[PDB]
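> Fold the stuff below for me.
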Amino acid sequence: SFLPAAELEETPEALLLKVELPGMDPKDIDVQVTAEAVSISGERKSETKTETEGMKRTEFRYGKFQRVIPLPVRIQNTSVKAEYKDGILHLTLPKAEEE
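Residues are numbered from 1 along each chain as shown. Take a look at the structure below.
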């Protein structure tokens, strides 16, 4: 399956995109570029709370995802920043200065 909350922007001041990668410490996501091809990939591990509590409504079947998305420009592994915050992933591939 895919996501409705996975959208690729590109205001004039960076190549960005939003990702619905909620709750998944750095050890639960992964971001690779492979020939200007930025990869989406992750999985939420078991929240091993109290192994005896309940799951009444547990509608929470999250797993793994091998997304990419083509770009208009060859990237730069370095220059680009990486930060996940309160439930969302944000890696902004900026660009180069063009009229």
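> From now on I want contacts and neighbour counts done on CA atoms only, so please keep to that.
Will do.
> Work out for me the element residue 63 sits within.
Using DSSP states H and E, residue 63 sits within no helix or strand.
> Excluding chain neighbours, what is closest to it?
Spatially, and ignoring its direct neighbours in sequence, residue 63 is nearest to residue 43 (4.9 Å; C-alpha to C-alpha, 6 or more residues apart in numbering).
> who's in contact with residue 54?
Applying C-alpha atoms under 8 Å, 6 or more residues apart in numbering to residue 54 gives no contacts.
> quick one: it from residue 31, how far?
34 Å (C-alpha to C-alpha, to the nearest Å).
> could you show me where the helices are in this protein, in order?
Residue ranges of the helices in the chain, as given by DSSP state H, are 25-28.
> Against the centre of it, work out the most remote residue.
Distance from the C-alpha centroid of the chain peaks at residue 52, with 32.0 Å (C-alpha atoms, centre = their mean).
> residues near the residue nearest to residue 63, how many?
Per other C-alpha atoms under 10 Å, the neighbour tally for residue 43 reads 17.
> Tell me the spacing between it and residue 65.
8 Å.
> State the phi and psi torsions of residue 54.
phi -120, psi 170 (degrees, to the nearest 10).
> Compute the distance between it and residue 48, please.
12 Å.
> ok, residue 88 touching residue 19?
Yes. Counting by C-alpha atoms under 8 Å, residue 88 does reach residue 19; the two are 6.2 Å apart.
> For those two, indicate the residue with more neighbours.
With neighbours defined as other C-alpha under 10 Å, residue 88 and residue 19 compare such that residue 19 has more, 18 against 15.
> What residues are bridge-paired with that one?
Judged by DSSP bridges, the bridge partners of residue 19 are residue 89.
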